[PDB]
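Okay, here's the thing in structure tokens:
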């Protein structure tokens, strides 16, 4: 149920390349990087499908390291105490970023509403999350 | 225990004038606007003293109306369910702004760390809060 800006760069596990999620709309069955929540280790995982969900108000989330992403109020990020909607995060939270133990829990330094844009998501069977703009984000539903 | 940037403009109840809290450091016993939490009505209240608390990292909080203020991570604002530290606020919260029923509960649209600056507070016996940059904020201790 979330969605992120089409500008967001998706990390491709088999290569180390990044291509915007907008540019991946007509693509499927490629691997992305997901965190396995039970083990807290990153693992390659297949993307079932990519899709746009329409135009939605988006918000810039920025971490102390400088990682940033634009996303809907309801898109979820991985917090020390679980998945939380962007609109539920506060500056006291830390969120999961891929490090290369497998992850860094970085402080949020900014959350600001920016504007409406075309927004996208993807489905990832099993772990249900992926790395975009070098930040761990939840996938479809 | 909070504190806000010296740039913050303090609403003077007897006149309707605004002067930065930095500019009020050597001033006392003037009235400011405070909310009476039991009644939720604004009332004039005396400022006992104004003081700088040193240099501290500050954060810009902005509301949907466009009201904005720079304040420490621990400075409190009035939420629909009580006083909350800036670092505990999320975009789903609304905070109290003086309206002229007596107050408007406006959505937060931005919270972003900005930099270190000299920071100030003031003491207000009884209601313990005041209006700065047209936003209700908690006073000393």
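Chains as they are written, first to last, in the deposited numbering: chain A, -2 to -1, 1 to 98, 116 to 156; chain A', -2 to -1, 1 to 98, 116 to 156. A prime marks a further copy of an entry chain. Positions of the beta carbon are idealized from the N, C-alpha and C atoms, including for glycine.
C-beta contact flag for residue i and residue j at 9 Å
i: residue 138 of chain A; j: residue 47 of chain A; result: yes
i: residue 124 of chain A'; j: residue 68 of chain A'; result: no
i: residue 113 of chain A'; j: residue 33 of chain A'; result: Note on chain A': consecutive modelled numbers read 98 then 116, so residue 113 of chain A' has no coordinates in the structure shown.
i: residue 136 of chain A; j: residue 77 of chain A; result: no
i: residue 163 of chain A; j: residue 143 of chain A; result: It is not possible to answer for residue 163 of chain A, since the shown part of chain A is limited to -2 through 156.
i: residue 1 of chain A'; j: residue 134 of chain A'; result: yes
i: residue 148 of chain A'; j: residue 6 of chain A'; result: yes
i: residue 95 of chain A'; j: residue 84 of chain A; result: no
i: residue 58 of chain A; j: residue 66 of chain A; result: yes
i: residue 127 of chain A'; j: residue 126 of chain A; result: yes
Test: residue i CB closer than 9 Å to a CB of chain A'
i: residue 90 of chain A; result: yes
i: residue 66 of chain A; result: no
i: residue 149 of chain A; result: no
i: residue 125 of chain A; result: yes
i: residue 83 of chain A; result: yes
i: residue 60 of chain A; result: yes
i: residue 76 of chain A; result: no
i: residue 87 of chain A; result: yes
i: residue 32 of chain A; result: no
Neighbour flag for residue i against chain A, beta carbons, 9 Å
i: residue 7 of chain A'; result: no
i: residue 41 of chain A'; result: no
i: residue 128 of chain A'; result: yes
i: residue 154 of chain A'; result: no
i: residue 69 of chain A'; result: no
Residues near residue i by beta carbon distance below 6 Å, same chain, minus five either side
i: residue 63 of chain A'; result: 121
i: residue 39 of chain A'; result: 117
i: residue 36 of chain A; result: none
i: residue 20 of chain A'; result: 4
i: residue 140 of chain A'; result: 46
i: residue 119 of chain A'; result: 95
Exposure label - residue i; buried when at least 16 CB within 10 Å
i: residue 145 of chain A'; result: buried
i: residue 129 of chain A'; result: exposed
i: residue 42 of chain A; result: exposed
i: residue 131 of chain A'; result: exposed
i: residue 55 of chain A'; result: exposed
Same chain only: Cβ atoms within 8 Å of residue i, ignoring 5 sequence neighbours per side
i: residue 153 of chain A'; result: -1, 73, 74, 75, 76, 81, 143, 144
i: residue 100 of chain A'; result: No coordinates are present for residue 100 of chain A', because the numbering of chain A' runs from 98 directly to 116.
i: residue 18 of chain A'; result: 4, 5, 6, 7, 8
i: residue 26 of chain A'; result: 45, 46, 47, 48
i: residue 53 of chain A; result: 131, 132, 133, 134
i: residue 16 of chain A'; result: 7, 8, 9, 10
i: residue 91 of chain A; result: 77, 78, 82, 122, 123
i: residue 87 of chain A; result: 59, 75, 77, 93, 123, 126
Proximal residues to residue i (C-beta, below 7 Å), its chain only, five neighbours per side dropped
i: residue 28 of chain A; result: 10, 45
i: residue 22 of chain A'; result: 8, 48
In the region 15 to 68 of chain A', which residue ranges form an unbroken beta strand (DSSP E) of at least 3 residues, counting only runs that do not cross its ends? The region 15 to 68 of chain A' contains these whole beta strand (DSSP E) runs: 15 to 18, 29 to 34, 39 to 44, 47 to 61.
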